[PDB]
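*Asks:* Got a file for you: protein29.txt, compact mmCIF, N, CA and C atoms and all ligand atoms.
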```
# COMPACT_ATOMS: atom_id res chain seq x y z
N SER A 42 -9.24 6.00 22.62
CA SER A 42 -8.43 6.05 21.37
C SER A 42 -9.34 6.02 20.15
N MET A 43 -8.90 6.66 19.06
CA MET A 43 -9.70 6.74 17.84
C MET A 43 -8.86 6.61 16.58
N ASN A 44 -9.34 5.79 15.65
CA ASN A 44 -8.73 5.73 14.33
C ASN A 44 -9.28 6.84 13.45
N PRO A 45 -8.46 7.33 12.51
CA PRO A 45 -8.96 8.26 11.52
C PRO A 45 -9.80 7.53 10.48
N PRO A 46 -10.61 8.28 9.72
CA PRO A 46 -11.24 7.65 8.58
C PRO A 46 -10.15 7.13 7.65
N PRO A 47 -10.43 6.05 6.92
CA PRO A 47 -9.43 5.51 6.02
C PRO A 47 -9.19 6.43 4.83
N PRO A 48 -8.09 6.20 4.08
CA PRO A 48 -7.94 6.93 2.84
C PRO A 48 -9.12 6.66 1.92
N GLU A 49 -9.47 7.64 1.10
CA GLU A 49 -10.61 7.47 0.21
C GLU A 49 -10.25 6.50 -0.91
N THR A 50 -11.23 5.70 -1.28
CA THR A 50 -11.11 4.77 -2.39
C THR A 50 -12.14 5.06 -3.48
N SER A 51 -12.95 6.09 -3.26
CA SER A 51 -13.99 6.51 -4.18
C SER A 51 -14.07 8.03 -4.13
N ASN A 52 -14.15 8.65 -5.30
CA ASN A 52 -14.29 10.11 -5.40
C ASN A 52 -14.70 10.48 -6.83
N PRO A 53 -16.01 10.66 -7.07
CA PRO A 53 -16.49 10.89 -8.43
C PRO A 53 -15.90 12.04 -9.23
N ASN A 54 -15.44 13.10 -8.58
CA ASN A 54 -14.85 14.21 -9.33
C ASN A 54 -13.31 14.15 -9.37
N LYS A 55 -12.74 12.98 -9.05
CA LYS A 55 -11.31 12.74 -9.31
C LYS A 55 -11.20 12.13 -10.70
N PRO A 56 -10.33 12.70 -11.56
CA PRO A 56 -10.15 12.10 -12.86
C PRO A 56 -9.45 10.74 -12.71
N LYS A 57 -9.82 9.81 -13.56
CA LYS A 57 -9.29 8.46 -13.51
C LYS A 57 -9.30 7.79 -14.88
N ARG A 58 -8.46 6.77 -15.01
CA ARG A 58 -8.32 6.01 -16.24
C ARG A 58 -8.04 4.56 -15.92
N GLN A 59 -8.24 3.73 -16.93
CA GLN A 59 -7.72 2.37 -16.93
C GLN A 59 -6.60 2.35 -17.96
N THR A 60 -5.36 2.22 -17.50
CA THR A 60 -4.21 2.07 -18.41
C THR A 60 -3.63 0.66 -18.29
N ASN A 61 -2.85 0.24 -19.29
CA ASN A 61 -2.20 -1.08 -19.24
C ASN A 61 -1.23 -1.21 -18.06
N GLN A 62 -0.59 -0.10 -17.70
CA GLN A 62 0.29 -0.06 -16.53
C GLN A 62 -0.50 -0.26 -15.24
N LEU A 63 -1.66 0.38 -15.13
CA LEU A 63 -2.50 0.18 -13.95
C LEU A 63 -3.04 -1.26 -13.88
N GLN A 64 -3.34 -1.85 -15.03
CA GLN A 64 -3.76 -3.26 -15.08
C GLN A 64 -2.64 -4.16 -14.55
N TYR A 65 -1.40 -3.86 -14.93
CA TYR A 65 -0.22 -4.58 -14.44
C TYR A 65 -0.05 -4.41 -12.93
N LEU A 66 -0.26 -3.19 -12.44
CA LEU A 66 -0.16 -2.94 -11.01
C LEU A 66 -1.16 -3.77 -10.20
N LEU A 67 -2.33 -4.07 -10.77
CA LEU A 67 -3.31 -4.93 -10.10
C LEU A 67 -2.99 -6.42 -10.30
N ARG A 68 -2.87 -6.83 -11.55
CA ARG A 68 -2.77 -8.24 -11.91
C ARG A 68 -1.46 -8.89 -11.48
N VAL A 69 -0.38 -8.11 -11.53
CA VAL A 69 0.95 -8.60 -11.19
C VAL A 69 1.41 -8.09 -9.82
N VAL A 70 1.49 -6.77 -9.64
CA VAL A 70 2.15 -6.22 -8.45
C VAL A 70 1.32 -6.47 -7.18
N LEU A 71 0.10 -5.96 -7.16
CA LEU A 71 -0.76 -6.12 -5.99
C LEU A 71 -0.99 -7.60 -5.69
N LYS A 72 -1.30 -8.39 -6.71
CA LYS A 72 -1.59 -9.81 -6.51
C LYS A 72 -0.41 -10.56 -5.90
N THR A 73 0.80 -10.24 -6.36
CA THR A 73 2.02 -10.88 -5.85
C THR A 73 2.25 -10.56 -4.38
N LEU A 74 2.11 -9.29 -4.03
CA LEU A 74 2.32 -8.89 -2.64
C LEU A 74 1.21 -9.42 -1.73
N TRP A 75 -0.03 -9.38 -2.23
CA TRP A 75 -1.20 -9.74 -1.42
C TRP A 75 -1.17 -11.18 -0.92
N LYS A 76 -0.68 -12.08 -1.76
CA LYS A 76 -0.60 -13.50 -1.45
C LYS A 76 0.58 -13.90 -0.57
N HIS A 77 1.54 -13.00 -0.39
CA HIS A 77 2.76 -13.29 0.37
C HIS A 77 2.44 -13.59 1.83
N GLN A 78 3.23 -14.48 2.42
CA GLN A 78 3.05 -14.86 3.84
C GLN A 78 3.11 -13.66 4.80
N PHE A 79 3.81 -12.61 4.40
CA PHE A 79 4.00 -11.41 5.23
C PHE A 79 3.05 -10.26 4.88
N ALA A 80 2.05 -10.51 4.03
CA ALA A 80 1.13 -9.44 3.59
C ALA A 80 0.17 -8.97 4.66
N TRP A 81 -0.19 -9.85 5.59
CA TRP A 81 -1.36 -9.60 6.45
C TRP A 81 -1.36 -8.28 7.23
N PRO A 82 -0.20 -7.81 7.76
CA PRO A 82 -0.31 -6.53 8.48
C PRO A 82 -0.62 -5.33 7.58
N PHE A 83 -0.40 -5.51 6.28
CA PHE A 83 -0.53 -4.46 5.26
C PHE A 83 -1.84 -4.57 4.45
N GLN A 84 -2.71 -5.51 4.80
CA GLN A 84 -3.91 -5.76 4.00
C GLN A 84 -5.10 -4.87 4.37
N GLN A 85 -4.93 -4.03 5.40
CA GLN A 85 -5.97 -3.12 5.83
C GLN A 85 -5.30 -1.98 6.58
N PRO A 86 -6.01 -0.86 6.77
CA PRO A 86 -5.42 0.23 7.56
C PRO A 86 -4.99 -0.22 8.95
N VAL A 87 -3.93 0.41 9.45
CA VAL A 87 -3.47 0.15 10.81
C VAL A 87 -4.58 0.50 11.79
N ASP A 88 -4.99 -0.48 12.59
CA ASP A 88 -5.99 -0.26 13.65
C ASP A 88 -5.22 0.09 14.91
N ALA A 89 -4.99 1.39 15.08
CA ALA A 89 -4.18 1.89 16.18
C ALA A 89 -4.85 1.64 17.53
N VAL A 90 -6.17 1.52 17.54
CA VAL A 90 -6.89 1.24 18.78
C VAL A 90 -6.64 -0.20 19.24
N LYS A 91 -6.90 -1.16 18.36
CA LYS A 91 -6.72 -2.56 18.72
C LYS A 91 -5.25 -2.93 18.99
N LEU A 92 -4.33 -2.34 18.23
CA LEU A 92 -2.90 -2.58 18.42
C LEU A 92 -2.30 -1.76 19.57
N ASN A 93 -3.10 -0.87 20.17
CA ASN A 93 -2.64 0.01 21.26
C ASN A 93 -1.41 0.82 20.84
N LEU A 94 -1.57 1.54 19.73
CA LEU A 94 -0.53 2.42 19.20
C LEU A 94 -1.11 3.83 19.13
N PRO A 95 -1.32 4.45 20.29
CA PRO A 95 -1.98 5.76 20.30
C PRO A 95 -1.21 6.86 19.58
N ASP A 96 0.09 6.68 19.38
CA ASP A 96 0.90 7.66 18.65
C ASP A 96 1.00 7.39 17.15
N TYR A 97 0.42 6.29 16.67
CA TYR A 97 0.63 5.90 15.26
C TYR A 97 0.22 7.03 14.31
N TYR A 98 -0.98 7.56 14.50
CA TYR A 98 -1.49 8.57 13.57
C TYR A 98 -1.11 10.01 13.95
N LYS A 99 -0.26 10.14 14.97
CA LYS A 99 0.44 11.39 15.22
C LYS A 99 1.72 11.42 14.39
N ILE A 100 2.38 10.27 14.30
CA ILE A 100 3.64 10.14 13.57
C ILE A 100 3.41 9.94 12.07
N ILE A 101 2.40 9.14 11.73
CA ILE A 101 2.08 8.80 10.34
C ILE A 101 0.87 9.62 9.89
N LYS A 102 1.14 10.69 9.13
CA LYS A 102 0.10 11.62 8.67
C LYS A 102 -0.40 11.35 7.26
N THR A 103 0.27 10.46 6.53
CA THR A 103 -0.17 10.02 5.23
C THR A 103 -0.27 8.48 5.24
N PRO A 104 -1.27 7.91 5.95
CA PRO A 104 -1.37 6.46 6.01
C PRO A 104 -1.70 5.82 4.69
N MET A 105 -1.19 4.61 4.48
CA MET A 105 -1.52 3.85 3.29
C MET A 105 -1.29 2.37 3.55
N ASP A 106 -2.10 1.54 2.89
CA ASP A 106 -2.09 0.09 3.10
C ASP A 106 -2.55 -0.57 1.81
N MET A 107 -2.30 -1.87 1.67
CA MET A 107 -2.69 -2.57 0.44
C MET A 107 -4.20 -2.79 0.28
N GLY A 108 -4.95 -2.81 1.38
CA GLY A 108 -6.41 -2.89 1.29
C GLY A 108 -6.95 -1.70 0.52
N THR A 109 -6.44 -0.52 0.88
CA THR A 109 -6.78 0.73 0.21
C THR A 109 -6.33 0.70 -1.25
N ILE A 110 -5.10 0.26 -1.48
CA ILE A 110 -4.57 0.21 -2.84
C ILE A 110 -5.39 -0.76 -3.69
N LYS A 111 -5.72 -1.91 -3.11
CA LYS A 111 -6.54 -2.92 -3.79
C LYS A 111 -7.89 -2.34 -4.22
N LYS A 112 -8.56 -1.65 -3.30
CA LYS A 112 -9.85 -1.01 -3.61
C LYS A 112 -9.70 0.07 -4.67
N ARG A 113 -8.64 0.87 -4.56
CA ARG A 113 -8.36 1.93 -5.54
C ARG A 113 -8.16 1.35 -6.93
N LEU A 114 -7.40 0.26 -7.03
CA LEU A 114 -7.18 -0.41 -8.32
C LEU A 114 -8.48 -1.03 -8.86
N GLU A 115 -9.22 -1.73 -8.01
CA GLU A 115 -10.48 -2.36 -8.41
C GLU A 115 -11.54 -1.33 -8.82
N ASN A 116 -11.52 -0.18 -8.15
CA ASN A 116 -12.45 0.92 -8.42
C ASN A 116 -11.95 1.88 -9.51
N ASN A 117 -10.81 1.57 -10.13
CA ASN A 117 -10.19 2.43 -11.15
C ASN A 117 -10.08 3.88 -10.67
N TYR A 118 -9.58 4.04 -9.44
CA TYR A 118 -9.47 5.34 -8.77
C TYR A 118 -8.32 6.21 -9.32
N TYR A 119 -7.32 5.56 -9.90
CA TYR A 119 -6.11 6.24 -10.32
C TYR A 119 -6.16 6.84 -11.72
N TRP A 120 -5.40 7.91 -11.92
CA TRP A 120 -5.16 8.48 -13.26
C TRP A 120 -3.97 7.81 -13.93
N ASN A 121 -2.92 7.54 -13.17
CA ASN A 121 -1.73 6.93 -13.74
C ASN A 121 -1.00 6.00 -12.77
N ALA A 122 -0.04 5.25 -13.30
CA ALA A 122 0.74 4.29 -12.52
C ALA A 122 1.49 4.98 -11.39
N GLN A 123 2.03 6.16 -11.67
CA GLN A 123 2.83 6.92 -10.69
C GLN A 123 2.06 7.12 -9.39
N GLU A 124 0.77 7.43 -9.49
CA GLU A 124 -0.07 7.61 -8.30
C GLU A 124 -0.11 6.37 -7.44
N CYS A 125 -0.25 5.22 -8.09
CA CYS A 125 -0.34 3.93 -7.39
C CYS A 125 1.02 3.51 -6.83
N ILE A 126 2.06 3.66 -7.64
CA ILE A 126 3.42 3.42 -7.16
C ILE A 126 3.71 4.28 -5.91
N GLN A 127 3.29 5.55 -5.92
CA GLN A 127 3.47 6.40 -4.75
C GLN A 127 2.76 5.81 -3.52
N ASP A 128 1.55 5.30 -3.70
CA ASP A 128 0.83 4.70 -2.57
C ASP A 128 1.63 3.54 -1.95
N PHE A 129 2.13 2.61 -2.77
CA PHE A 129 3.00 1.54 -2.27
C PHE A 129 4.22 2.09 -1.51
N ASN A 130 4.89 3.08 -2.09
CA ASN A 130 6.08 3.63 -1.44
C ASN A 130 5.76 4.34 -0.13
N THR A 131 4.61 5.00 -0.08
CA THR A 131 4.13 5.59 1.17
C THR A 131 3.90 4.52 2.24
N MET A 132 3.28 3.41 1.85
CA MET A 132 3.04 2.29 2.78
C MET A 132 4.34 1.77 3.38
N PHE A 133 5.35 1.54 2.54
CA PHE A 133 6.63 1.03 3.03
C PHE A 133 7.33 2.06 3.90
N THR A 134 7.40 3.29 3.42
CA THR A 134 8.06 4.37 4.16
C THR A 134 7.44 4.56 5.54
N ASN A 135 6.11 4.55 5.60
CA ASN A 135 5.42 4.70 6.89
C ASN A 135 5.89 3.64 7.88
N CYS A 136 6.04 2.42 7.37
CA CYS A 136 6.46 1.32 8.21
C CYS A 136 7.85 1.57 8.77
N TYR A 137 8.76 2.04 7.91
CA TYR A 137 10.14 2.28 8.33
C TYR A 137 10.25 3.48 9.26
N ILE A 138 9.40 4.48 9.06
CA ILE A 138 9.32 5.65 9.92
C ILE A 138 8.85 5.30 11.33
N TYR A 139 7.79 4.51 11.42
CA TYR A 139 7.20 4.21 12.70
C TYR A 139 8.00 3.18 13.53
N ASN A 140 8.57 2.18 12.86
CA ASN A 140 9.16 1.03 13.55
C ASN A 140 10.68 1.10 13.60
N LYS A 141 11.30 0.14 14.28
CA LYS A 141 12.75 0.10 14.45
C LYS A 141 13.41 -0.86 13.47
N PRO A 142 14.65 -0.56 13.05
CA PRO A 142 15.36 -1.51 12.20
C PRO A 142 15.43 -2.90 12.83
N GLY A 143 15.22 -3.94 12.03
CA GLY A 143 15.28 -5.31 12.54
C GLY A 143 14.02 -5.81 13.20
N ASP A 144 13.06 -4.92 13.47
CA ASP A 144 11.75 -5.34 13.97
C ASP A 144 11.13 -6.30 12.97
N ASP A 145 10.34 -7.26 13.45
CA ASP A 145 9.63 -8.20 12.57
C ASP A 145 8.87 -7.47 11.45
N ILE A 146 8.09 -6.46 11.81
CA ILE A 146 7.27 -5.74 10.82
C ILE A 146 8.13 -5.11 9.71
N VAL A 147 9.33 -4.65 10.09
CA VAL A 147 10.27 -4.05 9.13
C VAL A 147 10.82 -5.12 8.18
N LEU A 148 11.17 -6.28 8.73
CA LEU A 148 11.61 -7.41 7.91
C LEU A 148 10.52 -7.85 6.94
N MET A 149 9.27 -7.78 7.39
CA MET A 149 8.13 -8.14 6.56
C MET A 149 7.97 -7.14 5.42
N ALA A 150 8.01 -5.85 5.75
CA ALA A 150 7.96 -4.77 4.77
C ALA A 150 9.10 -4.90 3.76
N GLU A 151 10.29 -5.23 4.25
CA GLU A 151 11.45 -5.37 3.37
C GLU A 151 11.25 -6.50 2.36
N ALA A 152 10.66 -7.62 2.80
CA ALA A 152 10.40 -8.76 1.91
C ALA A 152 9.39 -8.37 0.83
N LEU A 153 8.33 -7.68 1.22
CA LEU A 153 7.32 -7.23 0.26
C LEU A 153 7.91 -6.19 -0.70
N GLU A 154 8.72 -5.28 -0.16
CA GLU A 154 9.32 -4.23 -0.98
C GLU A 154 10.27 -4.80 -2.03
N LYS A 155 11.02 -5.83 -1.66
CA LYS A 155 11.92 -6.46 -2.63
C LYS A 155 11.12 -6.94 -3.83
N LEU A 156 10.01 -7.63 -3.57
CA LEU A 156 9.14 -8.15 -4.63
C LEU A 156 8.50 -7.02 -5.41
N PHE A 157 8.06 -5.98 -4.71
CA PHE A 157 7.52 -4.79 -5.35
C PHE A 157 8.51 -4.24 -6.37
N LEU A 158 9.76 -4.08 -5.94
CA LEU A 158 10.80 -3.54 -6.81
C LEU A 158 11.06 -4.46 -8.01
N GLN A 159 11.08 -5.77 -7.77
CA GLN A 159 11.29 -6.71 -8.87
C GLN A 159 10.19 -6.59 -9.92
N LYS A 160 8.94 -6.47 -9.47
CA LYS A 160 7.81 -6.37 -10.42
C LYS A 160 7.75 -5.02 -11.12
N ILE A 161 7.99 -3.93 -10.39
CA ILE A 161 7.90 -2.60 -10.96
C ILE A 161 9.02 -2.35 -11.99
N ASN A 162 10.11 -3.10 -11.86
CA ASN A 162 11.20 -3.06 -12.81
C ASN A 162 10.74 -3.46 -14.21
N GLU A 163 9.67 -4.24 -14.30
CA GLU A 163 9.16 -4.70 -15.59
C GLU A 163 7.78 -4.13 -15.91
N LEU A 164 7.47 -2.97 -15.31
CA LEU A 164 6.28 -2.21 -15.67
C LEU A 164 6.29 -1.99 -17.18
N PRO A 165 5.20 -2.36 -17.86
CA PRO A 165 5.22 -2.24 -19.30
C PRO A 165 5.16 -0.80 -19.78
N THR A 166 5.65 -0.56 -20.99
CA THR A 166 5.52 0.75 -21.60
C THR A 166 4.04 1.02 -21.87
N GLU A 167 3.63 2.28 -21.73
CA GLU A 167 2.24 2.69 -21.92
C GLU A 167 1.78 2.42 -23.35
N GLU A 168 0.64 1.73 -23.49
CA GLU A 168 0.09 1.37 -24.80
C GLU A 168 -0.55 2.57 -25.47
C1 LIG D 1 1.64 -2.30 9.24
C2 LIG D 1 2.31 -1.95 10.52
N1 LIG D 1 3.16 -0.96 10.69
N2 LIG D 1 3.57 -0.98 12.01
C3 LIG D 1 2.94 -1.97 12.60
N3 LIG D 1 2.13 -2.62 11.71
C4 LIG D 1 1.17 -3.63 12.06
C5 LIG D 1 -0.10 -3.55 11.51
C6 LIG D 1 -1.04 -4.51 11.80
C7 LIG D 1 -0.73 -5.56 12.64
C8 LIG D 1 0.53 -5.65 13.20
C9 LIG D 1 1.47 -4.69 12.90
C10 LIG D 1 2.83 -4.82 13.51
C11 LIG D 1 3.48 -6.16 13.52
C12 LIG D 1 3.13 -7.11 12.58
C13 LIG D 1 3.74 -8.34 12.58
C14 LIG D 1 4.70 -8.65 13.52
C15 LIG D 1 5.04 -7.71 14.46
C16 LIG D 1 4.44 -6.47 14.46
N4 LIG D 1 3.55 -3.86 13.98
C17 LIG D 1 2.99 -2.51 14.02
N5 LIG D 1 3.92 -1.69 14.75
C18 LIG D 1 4.00 -1.74 16.09
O1 LIG D 1 4.78 -1.09 16.78
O2 LIG D 1 3.09 -2.62 16.57
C19 LIG D 1 3.13 -2.98 17.94
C20 LIG D 1 2.10 -4.04 18.12
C21 LIG D 1 2.10 -5.11 17.25
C22 LIG D 1 1.16 -6.10 17.39
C23 LIG D 1 0.21 -6.04 18.39
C24 LIG D 1 0.21 -4.97 19.25
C25 LIG D 1 1.15 -3.97 19.11
```
What would the structure in this file look like if it were written as structure tokens?
*Replies:*
Amino acid sequence: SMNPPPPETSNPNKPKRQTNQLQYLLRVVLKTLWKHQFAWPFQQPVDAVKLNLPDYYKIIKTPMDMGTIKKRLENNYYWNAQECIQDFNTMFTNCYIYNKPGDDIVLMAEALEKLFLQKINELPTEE
């Protein structure tokens, strides 16, 4: 079994900025989710080899996780908030696509997503 390379967190010819919205996504959104009791399965890419999920990366073709998002935010990888918000939504969607309703991992994703939605509701206006 083999894992794919992780999503990129560095790319010098990708345009990027530091905006107040992106600062909020790190300081408030990422930090809130990262500290949650249910964050741990989402803190790094899915290790399909160790978890014995040989079909994971057949089904999930756009993987995303908070470890990647954290590095992207710390490395100022993004151009805008929308890009980062998309990464979070991809992470949650992947979980719901791969797993069954009521599964522990789905309940965990749902708890994190609720908080994500609460925080993103107060995304500040662009300065
Ligand atoms: C993130 C994410 N998205 N899906 C899955 N994780 C995940 C990522 C990383 C780690 C665990 C998980 C858990 C999980 C997490 C918490 C509780 C239940 C399940 N479940 C994984 N899914 C699955 O079928 O694992 C079977 C399995 C589960 C565990 C071991 C072997 C085989």
*Asks:* When you count all atoms listed in the file, which of these residues is closest to residue 153 in chain A: A:43, A:74, A:138, A:69?
*Replies:* A:74
*Asks:* Residues at most 7 Å from residue 136 in chain A, counting only C-alpha atoms, excluding those fewer than 4 positions away in the same chain, as number ranges by chain?
*Replies:* A: 132, 140, 147
*Asks:* Here is a test: counting all atoms listed in the file, which residue of A:158, A:66, A:87, A:107 is nearest to ligand LIG 1 (chain D)?
*Replies:* A:87
*Asks:* Counting only N, CA and C atoms and all ligand atoms, what are the residues, protein, DNA or RNA alike, that approach ligand LIG 1 (chain D) to within 5 Å? I want them as JSON, numbers by chain.
*Replies:* {"A": [82, 83, 92, 136, 145, 146]}
*Asks:* Under the rule that only C-alpha atoms are counted, which of A:91, A:111, A:99, A:160 is the nearest residue to residue 50 in chain A?
*Replies:* A:111
*Asks:* Measure the distance from atom N of residue 168 in chain A to atom N of residue 65 in chain A in Å and round it to one decimal.
*Replies:* 10.4 Å
*Asks:* Nearest to residue 47 in chain A: which of A:59, A:103, A:78, A:123 is it, counting only C-alpha atoms?
*Replies:* A:103
*Asks:* Put range 88-119 of chain A into a file with C-alpha atoms, as a PDB file, in the first residue's frame.
*Replies:*
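Once everything was written out, this is result.pdb:
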```
ATOM      1  CA  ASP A  88      -2.404   7.598   6.480  1.00  0.00           C
ATOM      2  CA  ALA A  89      -4.227   5.023   4.378  1.00  0.00           C
ATOM      3  CA  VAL A  90      -1.415   2.502   4.892  1.00  0.00           C
ATOM      4  CA  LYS A  91      -1.424   2.530   8.700  1.00  0.00           C
ATOM      5  CA  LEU A  92      -5.241   2.715   8.881  1.00  0.00           C
ATOM      6  CA  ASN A  93      -5.528  -0.116   6.279  1.00  0.00           C
ATOM      7  CA  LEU A  94      -7.804   1.905   3.982  1.00  0.00           C
ATOM      8  CA  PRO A  95      -6.456   0.875   0.572  1.00  0.00           C
ATOM      9  CA  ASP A  96      -9.470   2.448  -1.190  1.00  0.00           C
ATOM     10  CA  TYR A  97      -9.224   5.830   0.585  1.00  0.00           C
ATOM     11  CA  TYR A  98      -7.268   7.609  -2.155  1.00  0.00           C
ATOM     12  CA  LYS A  99      -9.274   5.922  -4.907  1.00  0.00           C
ATOM     13  CA  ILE A 100     -12.463   7.466  -3.507  1.00  0.00           C
ATOM     14  CA  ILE A 101     -10.946  10.734  -2.199  1.00  0.00           C
ATOM     15  CA  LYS A 102      -9.138  12.488  -5.080  1.00  0.00           C
ATOM     16  CA  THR A 103      -8.897  15.923  -3.460  1.00  0.00           C
ATOM     17  CA  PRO A 104      -7.532  15.142   0.039  1.00  0.00           C
ATOM     18  CA  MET A 105      -7.344  17.846   2.660  1.00  0.00           C
ATOM     19  CA  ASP A 106      -6.626  18.020   6.394  1.00  0.00           C
ATOM     20  CA  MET A 107      -5.990  20.681   9.054  1.00  0.00           C
ATOM     21  CA  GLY A 108      -2.241  19.933   9.211  1.00  0.00           C
ATOM     22  CA  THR A 109      -2.053  21.063   5.587  1.00  0.00           C
ATOM     23  CA  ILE A 110      -4.331  24.037   6.227  1.00  0.00           C
ATOM     24  CA  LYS A 111      -2.261  25.018   9.286  1.00  0.00           C
ATOM     25  CA  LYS A 112       0.968  24.955   7.237  1.00  0.00           C
ATOM     26  CA  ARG A 113      -0.703  26.862   4.380  1.00  0.00           C
ATOM     27  CA  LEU A 114      -1.860  29.585   6.791  1.00  0.00           C
ATOM     28  CA  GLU A 115       1.514  29.763   8.604  1.00  0.00           C
ATOM     29  CA  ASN A 116       3.339  29.861   5.239  1.00  0.00           C
ATOM     30  CA  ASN A 117       0.939  32.532   3.855  1.00  0.00           C
ATOM     31  CA  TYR A 118       0.160  30.155   0.956  1.00  0.00           C
ATOM     32  CA  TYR A 119      -3.280  31.606   0.208  1.00  0.00           C
TER      33      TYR A 119
END
```
